[PDB]
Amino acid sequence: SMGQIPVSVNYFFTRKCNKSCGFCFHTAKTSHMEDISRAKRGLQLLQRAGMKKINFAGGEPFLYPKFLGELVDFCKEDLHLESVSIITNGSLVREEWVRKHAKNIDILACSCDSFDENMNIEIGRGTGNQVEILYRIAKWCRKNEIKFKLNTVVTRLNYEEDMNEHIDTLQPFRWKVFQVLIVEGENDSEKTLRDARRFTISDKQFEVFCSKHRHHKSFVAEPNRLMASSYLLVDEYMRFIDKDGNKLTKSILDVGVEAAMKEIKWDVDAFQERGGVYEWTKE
């Protein structure tokens, strides 16, 4: 027998966030964060088990820019990872932080579900000109030789939107296009912190969006079948999460990577199918 090799891992180090997206599948269930020593040790355990790429997620990572900055630097300088990535809502990213940590960040991804403010307000992404923020982040990325990535959630409300003029200007190297996903115990009812049900779309509606946009090299479509089990999910206590099966392991800090990963389903075929291995190191 052999355990799977956790080549590319998402560490959701916080569940705290400053926005209220109605579909969110990683909700504010707790404010617990690991101490920096513990986080470093778990990231080291992952590296030692074959991790090559780390994505810092949440929650909103830039609620904790000093902590994030320290783990980013550690991952590149001390663990020598191939790829250090972050996904952010963009609101709290500041230029001087990007300048300070750019040498250690391969990829910075920003979420944008719409270029229409009223749509952002409706979906819970909030008010204000978030397009000028996205453009600003992209500019900071390009100035500081970080690869700029865009993540978009496709829902019942926005699936007819045409983003091509923006894609042709921003030119992200990688553009995730997610079908909105229901996750049991996260966003699946009126009792969870979010109720994503009103956002769901059919395969046909998802294709409306995909067909308009799939000509871009950057375009990466992820229908539900390609998100359900294709990621490695490490939570705020460094436990693995199985979001498809609604399971949670013991912390890697207590039982190690291999024992924890045995408990979760990671569909490597789906991982490969969606292009989960790619040129993730900056050039």
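Note that residue numbering follows the sequence shown and begins at 1.
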{"item": "Stretch exceeding the other in mean C-alpha B-factor - 245-253, 212-220", "value": "245-253"}
{"item": "Of 1-9 and 272-280, the stretch whose C-alpha atoms average the higher B-factor in the entry", "value": "1-9"}
{"item": "C-alpha B-factor winner, where the candidates are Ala196, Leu150, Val154, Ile133", "value": "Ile133"}
{"item": "Residue, from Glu145, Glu161, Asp188, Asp113, that the PDB entry assigns the highest Cα B-factor", "value": "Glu145"}
{"item": "Lowest, middle or highest third - CA B-factor, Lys66", "value": "highest"}
{"item": "Among modelled residues of the same chain, the CA temperature factor third for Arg48", "value": "highest"}
{"item": "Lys40 - Cα temperature factor, lowest/middle/highest third of chain", "value": "highest"}
{"item": "Chain thirds of CA B-factor: placement of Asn118", "value": "highest"}
{"item": "B-factor third for the C-alpha atom of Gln205 within its chain", "value": "lowest"}
